[PDB]
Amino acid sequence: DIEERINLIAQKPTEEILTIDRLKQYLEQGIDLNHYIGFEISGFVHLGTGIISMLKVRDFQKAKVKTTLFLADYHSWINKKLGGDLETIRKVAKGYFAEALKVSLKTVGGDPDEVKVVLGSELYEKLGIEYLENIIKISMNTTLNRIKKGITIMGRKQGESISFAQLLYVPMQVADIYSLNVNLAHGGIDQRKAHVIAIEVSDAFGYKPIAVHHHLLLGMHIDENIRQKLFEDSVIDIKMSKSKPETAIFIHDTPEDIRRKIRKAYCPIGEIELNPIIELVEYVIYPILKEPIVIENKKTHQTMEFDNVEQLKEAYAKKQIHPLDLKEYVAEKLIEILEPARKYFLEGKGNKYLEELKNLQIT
């Protein structure tokens, strides 16, 4: 069973695990894996922040680990998110953002009742001094350059204007992992540097936490020629974010919005290296539902069935699949998947949080 668990933790949404041997030792000795993932409360919940993260949380639940959803309200308050008002960030956390992550977990096929939602302020108040001690013990075993290099954890460049709270962010995040006795730290690949610092200070806590980083799902508009020829990739990268609404596919977007956003997305004829459409197939659609991928051509009336995403990338490199039919298949699949979440947020209980907590606070 052990290998099935590792495969289950190191599945397709996973991009990198540090380290697979440490995870093997942690299962050989019967050790119990605690997991959380940090979420800055910023903007609506889209596919990259919600679906793929919950795809991993569910994959962790099947692997019989403990899962936890962490709402870092202080980390968002440092980055001046949602107007910089702490009370505003706290409601979206306790209200809109938590219910958004739980319905996304149920949508991808997880149990929202089995995971634990922990707010940052309540955790720091519960521990009290132990949190500040962990911060100092981390800061005593790390350098300023390492913290000044781990700015990409929050999605900010090294050249952008700074504040000492943004530097304090990094030991605070490392303190979050140690405070919750988390053995399996999880997040995006942009959250790698802070997790590496956590392993570097395991001497002051008694255990090395294993870091798992999923694939940062890539936005629809990479039509801008940010050609990457080689810090360089970390700064100039662009992904599905919240300042850019038209390139973002939120879990509560109208089917018309999903169609018009998928349609205007970047999709070359045979290119696969940076296609935002096949990435939705590889990291969102197929991981949610593993049934064979069927696209329906127009010019030829035959359907086109592939057992797995590798055969799709084969056929797309051979220019056998027209981009409009792949786009129309992705849009329809995303509509059928998100429709439960859309009903909650637009037609059911979720409307109170989405309509007011997020929009009303916006000036």
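For every residue, the number given is its place in the sequence shown, counted from 1.
Unmodelled stretch separating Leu230 from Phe231: 10 or more residues (count of deposited-sequence residues without coordinates). Of the two segments, 80 to 88 and 164 to 172, the one listed with the higher mean B-factor is 80 to 88 (C-alpha atoms only). Judged by mean Cα B factor in the deposited record, 298 to 306 ranks above the other of 58 to 66 and 298 to 306. Between the residues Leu123, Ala204, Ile278, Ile226, the entry's highest C-alpha temperature factor is the one at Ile226.
Taking the deposited Cα B-factors for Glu291, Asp73, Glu133, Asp190, the highest one is held by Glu291. Sort the chain's modelled residues by C-alpha temperature factor and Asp257 lands in the middle third, per the entry.
Annotation for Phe39: C-alpha temperature factor in the lowest third relative to the rest of the modelled chain, per the entry. Looking at the C-alpha B-factors along this chain, the one for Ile51 belongs to the lowest third.
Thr19: CA B factor in the middle third of modelled residues in this chain (values from the PDB entry). Per the deposited record, the Cα B-factor of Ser179 falls in the lowest third when ranked against the other modelled residues of its chain.
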